[PDB]
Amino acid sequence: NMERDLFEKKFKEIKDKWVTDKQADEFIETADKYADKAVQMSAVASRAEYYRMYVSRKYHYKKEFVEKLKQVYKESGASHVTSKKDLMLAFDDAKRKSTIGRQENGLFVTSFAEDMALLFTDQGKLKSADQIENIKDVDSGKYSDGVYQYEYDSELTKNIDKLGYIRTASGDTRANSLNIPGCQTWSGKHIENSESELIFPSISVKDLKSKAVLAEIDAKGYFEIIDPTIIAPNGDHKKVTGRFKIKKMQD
């Protein structure tokens, strides 16, 4: 097809050096499945529109689609699965600037409901760290020290949205070079692991240390910040009512 061919070649340029030929082939062969899912989400009207968007790198959606996409986020909250190592760097590494997420650029999240539907079995037990690594298309063994989770609760998510702080990823913000349009993550031939994708404001963790947090997480299971201080897109610090939780995922 004309647009899919143009998509194929645009991919070959922006993909980074260390994306295997196998994964890249997988990205090429599954491309239409991800176009169709975006069309059925009414993220775009057609395959063509989706491929033109990937090629143009302008990830621009109708505001009505984004408002409908957010409903499940307002209902259940937002989730960001992380490794232990990446968690500690948010608190301990000074060049990480004591924020969770890339400061004013935000944190990639999915809906909390989508991660509970997917990372747990039918009976609600956490899946193995192997499965979850595979679902999230991260390197083998990345979560062997446990699967940690950031959680914006429903109130925090509604109040963040009232402020107009929820963002959709753009073609130049999103897998590193495997990003696709449609507010959706790319997940291989197993398209059932594709979750919605949005960008939430970063969390300020000024004067907090990973020691205390991880200690609290072994004690209670989670560390929590009542009414946390988020980082608005303009770089400001601003306090928003709600609960932001950090936790180690547990059956």
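One-based numbering along the sequence shown.
Peer 1: For the stretch from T173 to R174, please bin the deposited residues that the model skips: none, 1 to 3, 4 to 9, or 10 or more.
Peer 2: The entry leaves 1 to 3 residues without coordinates here.
Peer 1: Mean Cα B factor from the PDB record: higher for 54-62, or higher for 40-48?
Peer 2: Averaging CA B-factors over each stretch, the winner is 54-62.
Peer 1: Would 177-185 or 95-103 have the larger average of its C-alpha temperature factors, as given in the entry?
Peer 2: Comparing averages over the C-alpha atoms only gives 95-103.
Peer 1: Whose C-alpha has the highest temperature factor in the PDB entry: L214, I199, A31, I191?
Peer 2: By C-alpha B-factor in the record, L214 ranks first.
Peer 1: Consider only the C-alpha atoms of the modelled residues in this chain, order them by B-factor as the entry records it, and name the third containing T121: lowest, middle or highest.
Peer 2: It belongs to the middle third of the chain when residues are ordered by C-alpha B-factor.
Peer 1: Lowest, middle or highest third of the chain for the C-alpha temperature factor of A90?
Peer 2: Its C-alpha B-factor, which the entry lists for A90, ranks in the highest third among residues of this chain.
Peer 1: Using the B-factors in the PDB entry, rank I203's C-alpha atom against the chain and give the third, lowest, middle or highest.
Peer 2: For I203, the deposited C-alpha B-factor lands in the middle third.
Peer 1: What third of its chain, lowest, middle or highest, does the C-alpha temperature factor of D161 fall into?
Peer 2: Middle third of the chain for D161's C-alpha B-factor.
Peer 1: Can you tell me which third, lowest, middle or highest, the CA B-factor of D130 falls into for its chain?
Peer 2: For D130, whose C-alpha B-factor we compare with every modelled residue in the chain, the answer is the highest third.
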